[PDB]
Structures are given as structure tokens and as C-alpha cells.
């Protein structure tokens, strides 16, 4: 199995304050489960080849998704911003598979990704433990 444990850092009150509004797990690799402990979020997966998505909403209405997973035994991540209300995590997570429009991002196996949204919010995912089965990453909103 693989696990990915996320710590969420929100840096800048001017961007508003984000909370989780959805959590999905893709069905490959015998699926997986999200759990929470001590304010952290862990995705546990049945092997290499699947992923999960957290969707966040800010108190200013901004919607963004963070995807993490393991592809061919290496971690990957992506952040999608500027989402419409109908673009739920249930819509987004499958887009990384079955030759969907985001598959290329999964294939990159990124240990770090940075993107800034249409309303100016800075997002970074950065793995702090980048190899092995017990992976760790910081999700930073700025």
C-alpha cells in the first residue's frame, strides 16, 4: 500500500479562508480511503496507480482541487483552479485517467507544483517525503 499525508498551510487572510468540501478516491489499485488525524489528511491506497482529490472552497467563493496519487511507483500531484460550481471533485478525479484531459499531469510524477489562480491565490503542493510508501506533502495556500 501507499499513503500520502497532507498538511494544509493557509498563509494569507487576504485570500479568504478555505475548507474542504469534497474528497474522492479513484477506483484503481483497489481504491483507498481518506482519514483525518491531528488536523492532517491521509489518503491510503491499495497500491501504486490510483489517487484522490480534495476540493476546497474559500469563504470568498473560490473553488480549487488538489490531486495526489502514485503513478508507476512515484508520487504525483496537480492543482486545478478557477473551478465552476458544477466542476466537482467527482468530475475532476476521473479526468486523470482513461486518456482524459489531465492524464498528462499525472504522468509527470511531480514532487512539487506551483500555480496561481485567476483571483490571485497562490497554491503550492510540495512533497517533504518524496520516495517510499509513506509519502508526505505540504499544501500551501498563499
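Residue numbers count along the first chain shown, from 1.
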Of 121-129 and 9-17, the stretch whose C-alpha atoms average the higher B-factor in the entry: 9-17
If you average the CA temperature factors over each stretch, which comes out higher, 46-54 or 112-120? 112-120
The largest CA temperature factor among 78, 87, 62, 107 is found at 107
From 94, 31, 101, 69, which pick has the Cα B-factor that tops the rest in the entry? 101
Using the B-factor values recorded in the entry, state whether the Cα atom of residue 137 falls in the lowest, middle or highest third among the modelled residues of its chain. lowest
